[PDB]
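# Structural features, examined
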Amino acid sequence: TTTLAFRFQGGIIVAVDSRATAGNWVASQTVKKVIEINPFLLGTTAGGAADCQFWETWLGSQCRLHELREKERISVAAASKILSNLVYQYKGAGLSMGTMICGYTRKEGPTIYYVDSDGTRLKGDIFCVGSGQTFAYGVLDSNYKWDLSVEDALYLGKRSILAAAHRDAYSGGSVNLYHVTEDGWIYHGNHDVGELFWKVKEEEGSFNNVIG
Amino acid sequence: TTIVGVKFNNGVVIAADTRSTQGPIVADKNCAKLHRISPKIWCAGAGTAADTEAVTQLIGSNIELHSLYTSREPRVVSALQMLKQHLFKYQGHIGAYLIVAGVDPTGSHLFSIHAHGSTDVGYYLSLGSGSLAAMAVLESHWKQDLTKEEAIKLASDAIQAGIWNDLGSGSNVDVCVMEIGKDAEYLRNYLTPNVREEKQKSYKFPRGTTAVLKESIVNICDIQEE
Amino acid sequence: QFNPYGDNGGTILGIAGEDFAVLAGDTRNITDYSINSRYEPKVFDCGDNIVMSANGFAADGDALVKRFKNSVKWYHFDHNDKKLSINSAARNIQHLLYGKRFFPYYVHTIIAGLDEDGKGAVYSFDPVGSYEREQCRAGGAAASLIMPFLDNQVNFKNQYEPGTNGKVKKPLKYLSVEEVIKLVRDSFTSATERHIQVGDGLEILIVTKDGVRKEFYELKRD
Amino acid sequence: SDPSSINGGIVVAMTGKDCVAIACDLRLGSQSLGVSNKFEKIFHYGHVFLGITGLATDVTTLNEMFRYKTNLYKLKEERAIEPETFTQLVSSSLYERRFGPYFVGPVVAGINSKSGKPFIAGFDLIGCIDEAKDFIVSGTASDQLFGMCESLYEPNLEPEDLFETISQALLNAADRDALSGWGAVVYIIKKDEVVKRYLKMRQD
Amino acid sequence: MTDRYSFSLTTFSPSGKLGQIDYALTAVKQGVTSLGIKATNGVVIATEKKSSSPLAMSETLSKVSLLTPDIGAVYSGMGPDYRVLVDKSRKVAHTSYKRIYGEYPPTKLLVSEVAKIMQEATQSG
Amino acid sequence: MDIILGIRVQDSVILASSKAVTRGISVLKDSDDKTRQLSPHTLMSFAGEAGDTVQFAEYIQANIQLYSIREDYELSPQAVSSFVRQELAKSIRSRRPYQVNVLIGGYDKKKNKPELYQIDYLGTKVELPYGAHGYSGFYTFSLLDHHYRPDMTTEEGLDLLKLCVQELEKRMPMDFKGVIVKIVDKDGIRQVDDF
Amino acid sequence: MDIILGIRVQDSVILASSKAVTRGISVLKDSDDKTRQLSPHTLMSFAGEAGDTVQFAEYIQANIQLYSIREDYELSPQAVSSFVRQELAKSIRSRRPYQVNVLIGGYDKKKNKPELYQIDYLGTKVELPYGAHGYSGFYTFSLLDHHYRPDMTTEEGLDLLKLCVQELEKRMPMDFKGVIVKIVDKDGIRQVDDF
Amino acid sequence: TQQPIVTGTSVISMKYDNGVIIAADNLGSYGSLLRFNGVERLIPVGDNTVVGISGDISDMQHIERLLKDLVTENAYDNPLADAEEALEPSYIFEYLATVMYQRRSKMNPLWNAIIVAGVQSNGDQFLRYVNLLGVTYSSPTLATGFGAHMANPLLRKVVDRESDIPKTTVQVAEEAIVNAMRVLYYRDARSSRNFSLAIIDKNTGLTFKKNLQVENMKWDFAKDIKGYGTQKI
Amino acid sequence: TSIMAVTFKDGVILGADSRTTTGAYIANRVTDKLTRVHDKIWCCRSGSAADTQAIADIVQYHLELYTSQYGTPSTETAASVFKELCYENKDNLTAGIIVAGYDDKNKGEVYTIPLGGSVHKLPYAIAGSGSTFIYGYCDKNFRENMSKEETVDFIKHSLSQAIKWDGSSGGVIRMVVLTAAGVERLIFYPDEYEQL
Amino acid sequence: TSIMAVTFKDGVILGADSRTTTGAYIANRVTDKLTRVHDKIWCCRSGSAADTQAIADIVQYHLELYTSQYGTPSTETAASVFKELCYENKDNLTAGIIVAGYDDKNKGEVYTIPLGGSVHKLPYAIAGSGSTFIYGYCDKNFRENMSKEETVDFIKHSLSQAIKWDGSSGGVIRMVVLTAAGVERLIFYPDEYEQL
Ligand SMILES: [Mg+2]
Ligand SMILES: [Mg+2]
Ligand SMILES: [Mg+2]
Ligand SMILES: [Mg+2]
Ligand SMILES: [Mg+2]
C-alpha cells in the first residue's frame, strides 16, 4: 500500500495506489483506498482494510448526526478526534489502521490529520502511509512547495504514488486522485500504473534504468 | 500416493497411482512411481519423492555390482537388507516408504519398508496416503491361491479406491507383474479412467498479440572456423 | 488445544455481465485428504434476486448464509416488503462479518445479482467485512489458478491488437451469458486438473431480470 | 524468512511441434524492495537451456556450477551434453546436498540433437525430476502459472503460436504475483535456431 | 604395521626406461593369446580358455567379462590382476558416471577410467 | 553499520558511506571510513555486523593485493566482484556466516567504463547504475529513479547524491553523522573532503 | 516519544521537549509540541507510548481546567502534581496502564517559587531542581550536576540547557529534530521561539 | 476447551432404495485401554430416527439426555405427537447441529462426530453428519473417524452417486455395512468385535439389531508368515 | 504389543501377539514378533520395530560369528550381546527385548532387557504395552516346572487377557517352543482364545 | 490408589487400599478411601483427594436434603448427583469415583464414574492407578451371584496383587459390606494379604 495527502495553496491533494495482497498473492488491483466519508471529508486506508472501511464509514454517520444537531459543518479537528477516540477505546484489541482524515473548512482552512490505531492523532502538512511510503516521501519532499498550482499538485501526488508503485512490491495497480476544496472534494480519475509508467517515462525522461 | 503389492499363485504384482503433488497442487498428472531395482525386482515408493527415487537407484546400483560379483541373479532379501540398513542409519531423515516385490531363484517375495528401517512380510500390502482406502479393498476381496488375472484385478481395484477416495492420489493406474520363470512385465498406464474432457473453447491467440521490445538470435553453436 | 476453525476446501467464482450475473462453485466438500461429500451445495439463492456463497470453513459459511437469509426476511417485515437491493445487501453483510471482528467467520464471501439500474453486479468480501463491487472474482482454494486466467480472457489483460505491436490494446467487448459460462466451465476444469480439493461437480447460479436459474456440470472425481 | 520467496521470480517451459519454449521474468528483490529489472533466470550450456527460480545467490551459484560441469563434460565426451543427460546431472547435483540444499526450482528445456525430440523437465529443490510432456512451471507464481498453462496450453503448437501461449501464460501469472514481473524474456528454441524476445509489461 | 612403503617402486633408470612397466609387459607377452576385431555392425573379442587341469571346470573361469550392458573386456597376462580390474571397472562405471548422468559410460571414457587405475599402480607408493 | 550508497555516472563511480559508529546507547565515532581500496581503480564500501565488516573487507583487500603482485596486473572490477560474491556465497552456509553487505565501485581500464556492483551477505550480486543496502534504498531510490541519467557528469552525480543524503537526514530516525564521499575514475580513487 | 528535560532556576521553570515523532521507519513530524498547559502558571510535558501520552495529558488538562472553573482558583503546582501522580498510580494496576512519563513545571503564586516535579508512569513522584525521563538523564545529568546553581538566572538556565542538548545531539543515535523550549514564571507560560 | 477421555470410534452409514442403515461398535475406549465393552452408541429417537455418535462418551450421554428430553417436550400440548407433529429426522438433526455450532462458538465443544439417520414423513431418506466444529454435510454414504477412511471407499462402490440409491436393496446395503465393520475390526486398533446395527425403512419401520459380531474372518494365512525378511523358520 | 517368555520342565516357550500399530491404525495384523538369533535362542521384540529388528539382526550376526569360532553360544551370552547394544546405545534406542533359549546343560532360560539396557534373569518374563494388564494374573497363575501343555495354556490365557484390554495388542497369538526335541511353532486364532 | 466395588448375592462390597502419596513420599499410610454419602450408599475415591472429598461432601449434603423431602434415594440417584458434579465441572476436577449401594428393591448396584464424567453401571468395577495390573485377574476370576466369603476373597486377592505391583498403592486393605443385614467394616493387614 501507498497513500499520501498534502496541504497546499489550492487545498489538499489525496493520492493512493490500488493494490491488495495476501502474502505474495495479489488479491486485487482495483481496491479503493480513499473512503468518501462525506462530500467534504476524505479518509485514506492503510493497514486493515475492513477496519478502515467500517470505522470511516461509521465516522461519516457521526459527522452527519453532528451537523443535524449543531446545524453546522463539523470541523476536520472534531471529525478526526471522533475516530481517534473510538480506536483508542479498542487499543490492544488488534485494530490495524493508518489513515489521513482530510478536509477544508472556513475556520480551519485545508487540514490533514494522521490518525492511528495506536491512538496517535497528528495535524500536519504532508503525510505518507503504507509499505511504499518512503518512496513517495522522496518525490514529495524534493518537489513540494506551498505555491503549487492545482494542476502541478495533482501531478506531484500522481508521480509520487508511481514512484512507490514501481519500487514497492506491495503497491501498484492504479492511482486514484482527489482534490479537496472548501466546497467539497473533486475526483480526478483512476490511472493505471502500467500505462502511466510508460507515459511518464517518455514525457519526463525518468526511469532511464528501465528498458522501454 | 496409493501403492499396493499382491502375492499370487506363481509370483507377485505391484501397482500404483500416477499423481505427484506439491501440497494441494498437482505437479505431475502422470508420474511413474513403479521403480526398477533389478530386472525382476521392482518397488513402489511413497513419502519424499526424491528419497524414494534416490534410495532405489543406489541400492539398485549396488545390487547390480553384487550380481556381477557373485555371478548370480539378485535376490529380493538382498535389496530388502540393503535398503533397511541404509534407511535405519539415517534414522527416518530419508523419507522413503517402499513396497518391494520380485522374483529370484529362491522364489517370489513381497515386503514393505518404512523410513526408519523397519520391514514387514505379507501376502497383500498397501502404502501411502490412499493406503487405507486400498487396504479396505484388499481386506474385502483378498484370498489365498489367487491367479495372475485375479491379482492384477485386485491390485488395480485397490489403487482405484485410492484414486477416487484419497485426494493425495489420482489419474492412472500403473502395474508391474513379476511371475516365476518369466520376464517381469511393466504395464505403464494399465488403466486410464481420468482423461480430461474437451474444453469449451480454444485459447490459441492471434499472432502478434504479445507486445515485444527486442528480438535477437542466440548463438547455441560453437566458435566457428575461418 | 481446541481449534474452532477448519478448512472445507472448495472454490467459487462470481462474474458480472452487462445485464446478468453468475455465481459458480464446485460441490466437493473435504477435510484434509478425505472427501466428505461429492455433492454439497455451496452457492445459495437468498431471495430478492440475490445469490450468495461463503467459502472456506463450512460451519461459518452456513452460519453466515443462514443469518443473511434471515436478514432478508426481517428487512421485508420492517420495511413494507421492500426489495433488498444488491448494494444494500452488501453493506448489511459487512456488518454481519465485522460484528465478529475479534472472532471472525473464517470465510471468503461473494454475492451476485443485479443493481438498481438492472446491470450485472458482484460483491466480494474478506473474512472481517471489507468489501467491494467487482466485475470478476474467484474465491477459495483454486482462486490463484483462476484469477490470472480471468484477467487474460475476460479483461483482455496483456493482449494487444496484431500489427500495432503493443501500441493498441484489445478492446473490452461485452461477453454474453453463454460466453461467460464457457469461461467458468474451463476455469473449473483446469482447476480440477491441478488442484486436489477441486472436483466432483460444478453448480452455477445465473441471475437475470427473469429470476435465478441453475446449471449443473460433472467434474473429475479423482 | 522463507528462502524460496525472498528474491521472487518465475520460470515456465513448454513443448510445441518440433520446438520448445522457455521463459522467465526479470525481477530480483529483497522482499518488498525491487532491486533489479535485468536479473535473467535462463541460462544455456550448448543447446540445452536451464531456467532457475528461487534464492538468487543459489541461482547464480548453480549456473556457475553447471557451466563448470558441462564444460568438463564436453572436453571429455568430445560432444555437447543433451537435455536428457543434463536433467540427470541437475538431479544428481541437487540431491548431493540432500540435508543442506540449494533453495531453487530448476527447469530444463531443449531439443535432442540426434533424435530431434523436444524435451522439458522440472525439479524440486532436492532433485526430484518432473518430466512432463506439456509444460513445467516454477517460482513464486507457480500456482498462477499452473492455472494459466492448464487452460491456455494445447499440444503441437507451431513456434510462433507457442510464443504467444507461453508469453501470455507468464505475463498474466506475474501480474498476479507481487514478487514477479519487472520485465520478461522468452526463448523460442528450434533444432538449429533460437530466438530470444524481451516482452513489454507493466513495471509495478 | 602400517603400509610403510609410501615411495614409488617403479622408477626411471638411467636409460629412461621404467623397469617395472617393461617387466609387466614381459609378463603380458607370456600370457595366452587374446584378440579383438571391429566390424561395421559390431565388435568381437576372443581368447583361448587355457585350462590348468582337466579336473578344473573352465566354465567357472571367465576370461571374457561384461563391464556394462554395452561394453565387454578380455585380457592377456596375469588372471588375478584382471579379475580385480574388472571389479574396479564395473564399480567405477557406476560411481563416476551412472550415479551422476543416469546412463552407462561410453566405451572411451570407461577405458580412460581403467587406464587411470593402471597408471596409478605405476606411480603410487 | 548503517547507510552506504553508490552511483555510476558517465566516467566515474561515486560511493557515499555514513561516518557514524554506534554501540547500542552511544555514538562512539563520527568520522569512520567504511571503505577499503582493493586495487588502484577498485573501491569497496561495506555495511553489516560489527567486526565482520572490517574483517571481511581487509581479507578481500589482502587477496586482491596478493593477486596484483603475483601477476603484476590489476583485476577487472567484474573479476573482483565475482571473487567477492563467491566468498560471501561460501560464507552463508558456514558455521558462522559473515554478516556483511558491500558495494564495489571500479573503473575498468580495458573497457574505459565505470562499473558499480551491489552484493549482499548471501552472495546476491547485481550490476547497477545506482545502488544501496539496508533501508537506504527505500528513501533514495525514488529520487534516483527520477533524476538519474547514464550520461551524467561527476558534478551532477554529486548533486543528486546530496539530494539523496538530504532526504535521508530528513526522514531517517537515526543520526548517521553525514557521509564520506569517494570518486573512482580512470585516474584512480580520491576523496571529496567537503560534503 | 523521546527526550524531555526540565530545569528549575531562581525565578522560573524551563521545560525542553523534542520535536520528532517517529512511527517506525519514518519521521512523520519534526515540529511536535509535547506539552499541555494545565493552568496559567502550570505546564506539563510528556513522553511515553503513542496515543496514551496525548490522551493522558488532555485528560489531566480537562480536570484541572474543571477545578479552576468550579472554585475560581488556580491549584498549586504541588496539588496538581499530587493529582497527576494518583492518576498514574491508579493506572499502573489497571487492565491497560497509561504508559506515560511527565514533567510538571509550575510557578507557585502563593509562595513565589518555581517548582519542577518529575513523575514516571508508575506514579513515582520526585521534586527536583532539574529532571529528565528515559535515557535523557544519562547524557545530561553529569553536565547539570556540574554547572547547576539554585540562584541561576533564566538566561543562564537556557545556556546550560543548550549545552545539554548539544551533548544529546552528539552522543544519541536517534535524531530528535531539536527541542521546543518553554519558560514558566510569575507572568505565566511563554515559548522561546528561537533555539 | 477440554480433551476427550472415554471415547467411541467409527460410526458408518449409507442410503438404500427404501431407507437408511447405520452401525457402530459397542466399545468405550480409555486411551489404548479397551475399558467398556457394553456401550450402545446408536440411540433411536421415536420410530423414524437413529442418531449414531462417536467421540467423547460423557458428551454422548449428555446428548442422549437432550434427545430424550426433546421427545418429552414435543409431546407437551401436542395431540398429534404420535402422528403429524411427531419428531422428524430433519428436526432432530437441525437441533443437534445448532447445539454443536453454538458450543464450538463458546470454545466449549461437545467432543463428538454425529450421524443422524432416518426416514421423513414423505418417505424420503435422511442422512446427514455433524461434528464438534458444527460442520455439516450429507452424502449417500457417511462415516466418522476411521470409517471415513476405510468404510466410505467400500460403501461408495455400492452407492457411488445419487442414482445408485434406488438400485440398492436392503440386503446388499446391509451386507456392505457388515463387511465394512469387519474391515474396521481388522484395521482399527480402537474397535471391538461386538456391534449394533439399525435399519430405518419407510415400509417396515425401525429394525434395531443388538449384540451382532464380526464373523467369517480370514486369519489362517498368518501361519505361513515368518520373521520380518530373511528368517525362514 | 503383548509378549512373554516362560520356562518350564522341558525347556522354554516364547509367546507374542501379532498387532503392529501406527497410532490407531493397525499397520500389520499378522506380525511375527518372535525372532530367531540362533537355532535354539529366540527373542520377543517390543518398542521401535526398526530398532528391535536392527538389534536382532546384529545379534544374529554376532552369534553366527561366535558359533564359527567357539561353537554353540549360551543363552546368557546371547542376552549379554543384546544388553551391550541396548545399554551402550540407550540414548538412541526404544527397545524392550525378552531373550529365551534352550541349552542341554542349563535347560530353559529367560532374560528380560527393558529400556535402560539392564539384564534380569527370571523364571518367566512379560513385556510390551499389554503386559501391564496381566501382572496380577501371571503372578497368581505361574508355577515352576510346568508341563508343555500347562505352559501353553498359561501363555494363551495370559496373552488372551492382554489382547482383550490392550488396543495396541491383537490378532493371532504366536508361540515358539524350545526343547531338546527341537523347535516347534504354534499359532492360535481369535475364535479360539477370545472365548477363554 | 487401588479401589473396587463388587456386587454379589446378598448385596455389594466396596474395597480399597490405604496409601496416599505426595510424589514418592507416603503422606498417609492409613487412609480411608471408602466414604459414606448415605446409610447404604458409599463410594470409592481416586484422583485428587481435595476434589473427591469436596465432591463426596456435596453429594452427602444433596442426599441428606433429598431424604428429608422424598425419603431414601436410590443408588442410581446418588450416581447421578456424582455424575452431574463431575461432568459439569470436568475442566477443574481430577476425580475417579466408584459408587456402590444397597436397595431392597434393586439389591446391590455398582456405578463407575471416570475422569470424563460419564456413568457406567457394572456388575463390578475397578479403578485407581493400581487397577491396571488386575484387569486380567479380575476378568478371569469374577463370577455373578458369589457369596459374601467368596466376594471378600476376590477383593482381597485382587487388591493384594494391585498393591504388590503399584507403588502408589499399599498399607491395609479396607472393605465395607452393604447388605439388608446392615453395614459391616472389614480390615486386612499386610501380614495377611501379602502371603496370598
Ligand atoms: Mg531409532
Ligand atoms: Mg507484480
Ligand atoms: Mg510494485
Ligand atoms: Mg544485493
Ligand atoms: Mg485388541
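Thresholds applied
Residues numbered from 1 in each chain as written, not as in the entry; some residues may be left out. Chains lettered and ligands numbered in written order. Part of a larger assembly, values for the part shown. Heavy atoms only, no water. Helix = DSSP H or I, 4+ residues; strand = E, 2+ residues; numbered from the N terminus. Rg over C-alpha atoms; globule rule 2.2 N^0.38 Å. Buried < 20%, exposed > 50% of the residue type's maximum accessible area, 1.4 Å probe, protein only. Contact = heavy atoms within 4.5 Å. Areas by Shrake-Rupley, 256 points an atom, 1.4 Å probe, with all protein chains shown as cover. Salt bridge = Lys/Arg side-chain N within 4 Å of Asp/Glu carboxyl O. Polar contact = N/O pair within 3.5 Å; in protein donor to acceptor, adjacent residues only side chain to side chain. Nonpolar A, V, L, I, M, F, W, Y, C, P; charged D, E, K, R; others polar. Pairing = 2+ DSSP bridges. Axes fitted to C-alpha atoms, helices over the stretch in contact; angles between N-to-C directions. Buried area = accessible area lost by both parts, 1.4 Å probe. Expected span 1.5 Å × (residues − 1). Bend = angle between axes of the 7 residues up to and from the residue. Disulfide = S-S within 2.5 Å.

The record lists X-ray crystallography as the method behind this PDB entry and 2.70 Å as its resolution.

Looking at the PDB entry, one finds chain D named Proteasome subunit beta type-3, with Saccharomyces cerevisiae as its source organism.

Going by the annotation in the PDB entry, the name recorded for chain C is Proteasome subunit beta type-6, with Saccharomyces cerevisiae given as the source organism.

Within chain D one finds four helices and 12 strands. Taken over C-alpha atoms, the radius of gyration comes to 16 Å for chain D, in line with the 17 Å a tight globule of 204 residues would show. Seen along its three principal axes, the alpha-carbon backbone of chain D occupies a region of about 45 × 40 × 25 Å. Residues counted as buried form 72% of the 204 residues belonging to chain D. Pairs at least 24 residues apart make up 61% of the contacts formed inside chain D by residues separated by at least 6 positions. Surface exposure of chain D reaches about 6,200 Å², of which carbon and sulfur atoms provide 49%.

A gap remains between chain E and chain I, with no contact made and the closest C-alpha atoms lying 25 Å from each other. Separated throughout, chain E and chain J approach each other most closely at a C-alpha pair spaced 55 Å apart.

To continue, consider the interface of chain H and chain J. Tallying the contact residues gives 16 residues for chain H and 16 residues for chain J. Between the two partners, chain H and chain J, sit three salt bridges. At the junction of chain H and chain J, the tally comes to five residue pairs in polar contact. Of all the secondary-structure elements, those providing two or more residues to the side of chain H that touches chain J are β5 (33-36) and α1 (57-75) of chain H. Considering every element that reaches the side of chain H that touches chain J, the biggest residue donor is α1(H), with six residues. Grouping the constituent residues of the side of chain H that touches chain J by class yields seven nonpolar, five polar and four charged.

A word on the pairing of strand β4 (residues 25-28) of chain I. All names here are of chain I. In the sheet, strand β3 (residues 20-22) pairs with β4 via three bridges, with the strands oriented antiparallel. Within β4, the residue paired with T20 across the bridge is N28. What sits between β3 and β4 in their antiparallel hairpin is a turn of two residues, with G23 showing a positive phi close to 70°.

The six strands are arranged β13(B)-β12(D)-β11(D)-β2(D)-β1(D)-β10(D) in an open sheet whose pairing can be described as antiparallel. Edge strands, defined here as strands with exactly one partner in the open sheet, are β13 (212-218) of chain B together with β10 (135-139) of chain D. Each strand axis lies, on average, 15° off the axis of its neighbour in the sheet, ignoring direction. Along the sheet, helix α4 (residues 159-174) of chain D contacts β13 of chain B together with β1 (10-16), β2 (19-25), β11 (184-190) and β12 (193-199) of chain D; its crossing angle with β1(D), the most-contacted strand, is approximately 155°.

Contact with chain B, which involves 36 residues of that partner, is made by 36 residues of chain D. At the boundary of chain B with chain D, total buried surface from both sides reaches about 3,200 Å², with 57% on carbon and sulfur atoms. A per-residue breakdown of the area chain B buries against chain D is headed by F205(B), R207(B) and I220(B), which together make up 21% of the total. If you look at where chain B meets chain D, you find eight salt bridges. Among the salt bridges present, the one from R196(B) reaches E150(D), with a minimum N-O distance of 2.6 Å. Across the contact surface, chain B and chain D share 18 residue pairs in polar contact. Of all the secondary structure elements, the ones that give two or more residues to the side of chain B that touches chain D are β4 (25-28), α1 (49-70) and β13 of chain B. When residues of the side of chain B that touches chain D are assigned to their parent elements, the largest contribution, seven residues, is made by β13(B). Its residues assigned to classes, the side of chain B that touches chain D shows 17 nonpolar, nine polar and 10 charged. Two elements, β13(B) and β12(D), share six bridges in a ladder whose sense is antiparallel. Bridge pairing in β12(D) links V212(B) to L199(D).

For the rest of this paragraph, the subject is unusual backbone geometry. One non-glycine residue, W182(D), lies in positive phi territory at about 60°. Here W182(D) lies in the loop between α4 and β11. In this structure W182(D) comes out as buried when scored by relative accessible area, which is 5%. Non-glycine residue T2(E) carries a positive phi angle of around 60°. With respect to the secondary-structure elements, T2(E) resides in the segment before α1 (19-30). Overall, the relative accessible area of 64% leaves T2(E) in the exposed class.

The next point concerns helix α2 (residues 79-101) of chain E. With 23 residues, α2(E) ought to run about 33 Å at 1.5 Å a step, and its terminal C-alpha atoms sit 32 Å apart, in line with that. Taking the largest bend as the criterion, α2(E) deviates by roughly 35°, centred on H94(E). Restricting attention to buried positions, one finds in α2(E) the residues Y82(E), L85(E), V86(E), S89(E), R90(E), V92(E), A93(E), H94(E), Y97(E) and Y101(E). In this fold, the buried residues of α2(E) make contact with α1 of chain B, α1 (56-77) and α2 (83-95) of chain D together with β3 (65-68), β4 (71-73) and α3 (107-120) of chain E. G102(E) lies just past α2(E) and shows a positive phi near 70°.

Let's shift gears to the sheet that holds strand β2 (residues 12-18) of chain G. All names here are of chain G. The strand order across the open sheet built from five strands is β10-β1-β2-β11-β12, with neighbouring strands paired in antiparallel fashion. The open sheet is flanked by β10 (130-132) and β12 (188-192), the only strands paired with a single partner. Taking the axes of each pair of neighbouring strands and ignoring which way they run, one obtains an average angle of 15° across the sheet. The sheet contact formed by β2 and strand β11 (residues 179-185) spans seven bridges and is antiparallel. From the neighbouring strand, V13 faces β11, where its bridge partner is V184.

This brings us to the side chain of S138(D). Residues and elements named next belong to chain D. With respect to the element layout, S138 can be found in strand β10. By relative accessible area, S138 is classed as buried at 7%. For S138, the residues in contact, after removing those within four places along its chain, are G9, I10, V11, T53, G105, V107 and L145.

Moving on: the state of the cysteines. Scanning the entire structure with this criterion turns up zero disulfides over all chains. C164(F) forms no disulfide, and the closest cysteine sulfur to it belongs to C128(A), at a distance of 17 Å. Taking the relative accessible area as the measure of exposure, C164(F) reaches 1% and is therefore buried.

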